[PDB]
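To start, the structure under review is shown below, and the notes come after it.
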Amino acid sequence: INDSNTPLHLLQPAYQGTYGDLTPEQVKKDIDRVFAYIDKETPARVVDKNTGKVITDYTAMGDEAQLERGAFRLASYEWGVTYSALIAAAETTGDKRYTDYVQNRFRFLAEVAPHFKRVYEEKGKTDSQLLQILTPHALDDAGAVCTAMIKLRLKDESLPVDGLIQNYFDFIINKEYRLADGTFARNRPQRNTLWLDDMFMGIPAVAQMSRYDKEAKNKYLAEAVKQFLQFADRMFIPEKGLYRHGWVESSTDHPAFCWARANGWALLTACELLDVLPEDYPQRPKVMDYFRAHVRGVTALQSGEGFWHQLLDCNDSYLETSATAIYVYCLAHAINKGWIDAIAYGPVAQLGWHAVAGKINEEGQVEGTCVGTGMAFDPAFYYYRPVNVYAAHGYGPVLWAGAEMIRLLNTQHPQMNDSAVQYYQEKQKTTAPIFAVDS
Amino acid sequence: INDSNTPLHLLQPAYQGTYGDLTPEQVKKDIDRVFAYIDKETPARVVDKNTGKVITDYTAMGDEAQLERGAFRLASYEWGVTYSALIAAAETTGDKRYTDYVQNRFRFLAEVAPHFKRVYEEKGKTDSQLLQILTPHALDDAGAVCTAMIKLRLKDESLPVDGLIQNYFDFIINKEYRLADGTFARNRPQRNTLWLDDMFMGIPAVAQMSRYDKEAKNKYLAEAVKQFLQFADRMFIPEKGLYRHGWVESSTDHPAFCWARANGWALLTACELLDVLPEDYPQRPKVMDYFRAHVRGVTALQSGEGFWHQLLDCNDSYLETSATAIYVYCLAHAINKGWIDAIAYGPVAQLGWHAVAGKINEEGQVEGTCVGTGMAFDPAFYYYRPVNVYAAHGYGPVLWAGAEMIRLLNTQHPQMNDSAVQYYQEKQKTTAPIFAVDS
Amino acid sequence: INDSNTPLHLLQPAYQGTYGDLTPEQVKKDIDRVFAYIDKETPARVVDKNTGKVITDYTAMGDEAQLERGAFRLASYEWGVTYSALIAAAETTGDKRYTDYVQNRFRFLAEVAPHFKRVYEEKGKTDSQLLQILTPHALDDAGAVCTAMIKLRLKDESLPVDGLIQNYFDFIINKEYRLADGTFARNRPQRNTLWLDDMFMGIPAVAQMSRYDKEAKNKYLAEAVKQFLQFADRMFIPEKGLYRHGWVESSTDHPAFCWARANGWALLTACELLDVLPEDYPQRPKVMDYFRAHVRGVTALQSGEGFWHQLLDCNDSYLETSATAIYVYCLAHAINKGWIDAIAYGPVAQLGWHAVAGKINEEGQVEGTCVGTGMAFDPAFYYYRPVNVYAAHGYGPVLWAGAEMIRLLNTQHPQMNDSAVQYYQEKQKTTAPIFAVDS
């Protein structure tokens, strides 16, 4: 084996993860494993908190009743993402089990919410999970879930979630704290702080409400855009093509910690907003320009393992799964929508999927996901955020990425060429390992 | 332990070093350990170089006499930093032992210098340590020590260091080699070379002399500023917010090796100069702008361990203690002075202190300090500079950083919020792990 | 051993590879080891492909005849580089063995080519290595070899390579696929793709043909420049000072994978072109500006080990030998030619040579060379390219770098100063470890 008798250029590279060909059947097998797992870990039942006995007489129950505790909460913002993912997966795969799940959980929450409200009113206390639904106090308690409920209800008028949607959205649009200019804000950890996460916690709900409330379509399109641009003005870093995680209004400098998951939330927000805006919307160009600039900054920092780093621009920080999945979804979606180039980005998405699929264990858990994480102004905090299989943030994104990869693989015609994944818009009529595209 | 039954977001991160709360008492305990150590390793006595017998009849001694050799030289530029550090520490802590040390060493050097001069004149030879004091040949032999002597003498007219100050400063201002435009320069390793280190070796002395010589105040303020800006024009790299270690006038390109300690010296020079300049000094804005830009470039490159890298912009180069300490001092000082934002930078300084305190061993030595280091035009030289507990460069900076951290902690009200260090200007009236700041 | 009794600043650093002084004799010893090895692995004989029996009656042979297979192919583009390297090495060292080798191989190929053509015409098949020579189909099949043949023939009118040169160049200039604007291009892996490698596969041949065909000098100088600038417009990344490996015309974004070897090919192309252009050529300034900007971008990313990384701007990608060697050649050449500064770059080249020489094993093989590598749009492909001693790409560059380092060391007067390699244009009259340059 030498230069004269071997194509050294065709030697099998020693990848640590998987590389190369991907079939939509394999992607579906993997999201089905995650789906089967989360299905059994998100029970839609009321039980006695002391004995675990199933409660079915909701009119009679009291402060002993709670939602059965599986590994993941049904109405956390993390699960808001899962619900949106499964709505999308039903569409790209045609597997109605995915939407049956969302139907079932939403109908269950709609059914029981009023009874728990009555318990709270009579007893002064109830399941803390129900207080999140009934009395949200932050966009984290409302937006992602509200967004998914709007999406499904617009596909099914029989879905009885209007009461929940109105409650959630009344909080978002009328009660949530904002800066003087209206930008969704927090007073933690500092007064008048913007969190990159709130682009995603707040904007998709507003964008979807423009579709749900006919009377307020223009008003909500404009508010969704206004939020987007008021956040991006302050938080985007044009020199890097990345967003800072936080921005404190009083601070005279605004240090950038380009945390991967929140950068995922910003990329996903652009996708959610661009899914709704009319193609001739007058501010669409500015939003699209921001999206495209962010795509370029994020993708340049993909690691050799296909994952992205916890701090995106710090290649000594750990590789994190949930952000990686979010980016894969966004990139596949943007290619599918015609927003970004398939030749340039298809292989990025594909490699990212290989990376993510390698973290779906035999049980269907998603490994390597950063746990719930707030805002810091030092790098040690970010570098050392724990990872755990039970961090709920991994699940939605993996499902959504898989769903979108199936669409991408069913539309495009990727093929290995010279040992590299290449995207082709027409099927190449060759099995040669190295080839030129015909005229 | 899962998403439903655990706050995974409150799990204890597996830090390698310490993180979080810091009390001024702990900082003081640590600088006291360093102080006790250096006190016993910097003897202020004359001994016979052959027998070690203590010499007290200075009028009678000859070329056998030398300063007793402890681990660290009393009048090296490294110890010039230590003296300035201890002057500062006495002020922020109120511990007069720190200034007693400086008083003692300076009075000893003032006392013996004239006798060693007489030995040199009569015998043609004396202790090489005394030749550095009596006949300096480089800013390294004069500036940092002269600066500290001016600082203390202005606080104590009984301190008999005027002869030493005049000798040192005559060298600096009249004998030191300069470029055509007056910028302090060297002819090593190449003709007409600027060393970033000389910002610190030369400028603070000139700035302090403006305070010491009433007649020449304006002249020395102007020269200090002129040096600063003539160095920064050539050596600052605006695209990085960092300084190059060296600049050779003849070279048509000026490669940047952003060596951490010398970048510390440049940051410290800005602090020393800004401590002296009137707030309405006409060139102060340009100096402040340079300082602020350097702060932003340095802080962005802090590692996940709180240390900075030997080459700042090379995250594969070793983490170095002395530079880290210098940055901590500069950042705490700038916050204390109102030059930079506390919310943005307090946690940077605090993490850096945790990092540094972890390198103060039980003996009181400072580990991980880069040894004396000249100028190169290749990266291997910088990457492989040895570290040693006896590198004197670590001591001053750790003491000075600790002193300034005590001030910072006694003024600000930092507190953990959502597992991250946050700086508050008013004490928050809560022990909740996660909280919003009140209106 | 402490601060008072030891120059800690003069302690021996624990380098992993070699550092410091380099003699032209040592460099020559190392290239002689590589040369002896490749000499025995590149046999210039025809043999029966079944038995290995040497064939000397070329007029009588048939489709059984092939070039004897040693470890490296005689007319691959990799060996085109080797031939140019050895022409250069003969000049800087005066060792005629180097040019005797090239003479021998070129005369052998000139002698046998017509016989193999006759076999191909009569039998319909022949040695695939001869089909590359006789019927090139890509610049890889022609340019580098053609370039070397022109170079030697212009030094020796008796070298009977005009038929091969005309055949190769007819392909390059008239048959090779180009973009609409004339830029040499490929239709793999995508339609209308530019490969950074083709700067080197195509431009030097065109530049040399301007010297070989008197009638077409102006025409070929202009075409060489036009190619250079049409490639660089699209492929250079001014913000990084680096080139992207690929550029697909249809893509709306052009992702940058700054692959080290192809960046070497672009740097080498500038050297080959600048060797030919008149110093008053009207577009020379634009070419020189591109060269100088690339020098600055490449050199800033040299690792602490002296090697450069497989993806230049990804410090977590492997250190690669062939690119490193190419850069060393380019830098030494540019210093020797007066194009870049010796003080700034001599130590870069010198360290790079130490790095490369450490990969020349006792057998004379070159270790750590990336195998033949095509174009990807994901980083995993690049990060995981295999390395192999039989990758032919290492040999030419090491030889050429060594040859040019000998010239550099025989012209300049480098010397250790303060433990760092420093370049001096006049021999310094001192053996002191640390010194100032005299007035």
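Values below: all heavy atoms of this structure, side chains included; hydrogens, waters and symmetry mates excluded. Every chain is numbered from 1, with letters handed out A, B, ... down the list of sequences.
- Using a 3.5 Å distance cut-off with no hydrogens or angles, the side chains of C:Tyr390 and A:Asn5 do not pair a donor with an acceptor.
- Side-chain contact annotation: C:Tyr212 with C:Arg153, donor-acceptor N/O pair under 3.5 Å present.
- Just one of C:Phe231, C:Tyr243, C:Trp265 meets the ring pair (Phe, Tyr, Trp, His ring centres under 6.0 Å) condition when paired with C:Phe200; it is C:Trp265.
- In this structure, a donor-acceptor pair under 3.5 Å is absent between the side chains of C:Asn263 and C:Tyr327.
- For the residue pair C:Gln350/C:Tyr423, the side-chain donor-acceptor check at 3.5 Å is satisfied.
- Checking C:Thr369 against C:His393 by side-chain atom types alone, no donor-acceptor pair falls below 3.5 Å.
- A donor-acceptor contact shorter than 3.5 Å is absent between the side chain of C:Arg211 and the backbone of C:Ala207.
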Fill in: C:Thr183 and C:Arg178: CA distance, side-chain angles, deciding distance, side chain to side chain donor-acceptor pair (under 3.5 Å) verdict
CA-CA 5 Å; C:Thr183 316; C:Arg178 296 160 180 252; over 6 Å; no
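- Salt bridge present: C:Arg105 and C:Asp39 bring a charged side-chain N and a carboxylate O closer than 4.0 Å.
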Worksheet item: Given C:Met375 and C:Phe257, is the side chain to side chain contact (heavy atoms under 4.5 Å, CB included) satisfied, shown in steps?
Response: CA-CA 9 Å; C:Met375 185 180 297; C:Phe257 292 91; over 6 Å; no
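- Counting only N and O atoms by type, the side chains of C:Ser158 and C:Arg107 include a donor and acceptor under 3.5 Å apart.
- Of all the heavy atoms in C:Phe169 and C:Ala205, the pair that sits closest is CE1-O, 3.7 Å.
- A tilted orientation is assigned to the rings of C:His115 and C:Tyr58, their planes being inclined by 30° to 60°.
- There is no side-chain donor-acceptor pair under 3.5 Å between C:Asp48 and C:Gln66.
- At a cut-off of 3.5 Å, with distance as the only test, a side-chain donor of C:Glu404 or C:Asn336 sits close to an acceptor on the other residue.
- Within 6.0 Å of NZ in C:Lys53 there are 12 or fewer heavy atoms belonging to other residues, nucleotides or ligands.
- Minimum interatomic distance between C:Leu194 and C:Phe184 (heavy atoms only, all atoms of both residues): CD2-O, 3.2 Å.
- Remark: C:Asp30 pairs with C:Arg33 by the salt bridge (charged side-chain N to carboxylate O under 4.0 Å, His left out) rule, at least two apart or across chains.
- For C:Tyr318 and C:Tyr383, the ring centers sit 6.0 Å or farther from each other.
- A salt bridge links C:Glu272 to C:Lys151: at least one charged side-chain nitrogen sits closer than 4.0 Å to a carboxylate oxygen.
- Salt-bridge check for C:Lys337 with C:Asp275: passed, with a basic side-chain N closer than 4.0 Å to an acidic carboxylate O.
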Item to complete: Please report the C-alpha distance between C:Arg45 and C:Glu68 in whole Å, then the side-chain angles of each, then the deciding distance to 0.1 Å, and finally whether the salt bridge (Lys or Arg N to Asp or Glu O under 4.0 Å) criterion is met.
Response: CA-CA 6 Å; C:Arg45 317 188 170 85; C:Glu68 181 179 9; 3.1 Å; yes
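- When all heavy atoms of C:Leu109 and C:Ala75 are compared, the closest pair comes out as CD1-CB, 4.4 Å.
- For C:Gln166, the CD atom counts as densely surrounded, since its 6.0 Å shell holds more than 12 non-hydrogen atoms of other residues, nucleotides or ligands.
- Using modelled atom types, one finds a donor on one side chain and an acceptor on the other under 3.5 Å when comparing C:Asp57 with C:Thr59.
- Applying side-chain contact (heavy atoms from CB on, under 4.5 Å) to C:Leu86 and the options C:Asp95, C:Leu152, C:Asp100, C:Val102 leaves one that passes, C:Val102.
- For an aromatic pair to be called close, the ring centres must be under 6.0 Å apart, and C:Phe106 with C:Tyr83 satisfies this.
- Side-chain contact check for C:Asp63 and C:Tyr120: no donor-acceptor pair (N or O, by modelled atom type) lies under 3.5 Å.
- Heavy atoms of other residues, nucleotides or ligands lying less than 6.0 angstrom from CD of C:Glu279 number 12 at most.
- Side-chain atoms of C:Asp197 and C:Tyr77 include no donor-acceptor pair closer than 3.5 Å.
- Checked against side chain to side chain donor-acceptor pair (under 3.5 Å), C:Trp308 has no partners two or more places apart in sequence or in another chain.
- Minimum heavy-atom separation, C:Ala142 to C:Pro136: CB-CB, 4.2 Å.
- Between the side chains of C:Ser317 and C:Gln310, no donor-acceptor pair of N or O atoms lies under 3.5 Å.
- Atom CG in C:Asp141 sits 10.0 Å away from atom CD1 in C:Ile133 (nearest 0.5 Å).
- Tested against C:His245, the residues C:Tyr382, C:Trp195, C:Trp259 include a single side-chain hydrogen bond (donor to acceptor under 3.5 Å, both in side chains) partner, C:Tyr382.
- Minimum heavy-atom separation, C:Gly264 to C:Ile326: O-CG2, 3.3 Å.
- Under the 3.5 Å distance criterion, with hydrogens and angles disregarded, a donor-acceptor pair is assigned to the side chains of A:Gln422 and C:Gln190.
- Between C:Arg73 and A:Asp3 there is a salt bridge, with a side-chain nitrogen of the basic residue lying less than 4.0 Å from a carboxylate oxygen of the acidic one.
- Contact record, C:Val206 with C:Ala224: CG1-N, 3.7 Å, taken as the closest heavy-atom pair.
- At a threshold of 4.0 Å, the pair C:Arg97-C:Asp32 counts as salt-bridged, since one of the basic side-chain nitrogens sits closer than that to a carboxylate oxygen.
- Using a distance-only test at 3.5 Å, with no hydrogens or angles considered, no donor-acceptor pair links the side chain of C:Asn388 to the main chain of C:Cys370.
- Stacking of C:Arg385 on the aromatic ring of C:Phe381 is recorded, both the 6.0 Å distance cut-off and the 45° axial limit being met.
- Side-chain rings of C:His333 and C:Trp339 approach one another, their centers coming within less than 6.0 Å.
- For C:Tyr37 and C:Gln365, the side-chain atoms include at least one donor-acceptor pair closer than 3.5 Å.
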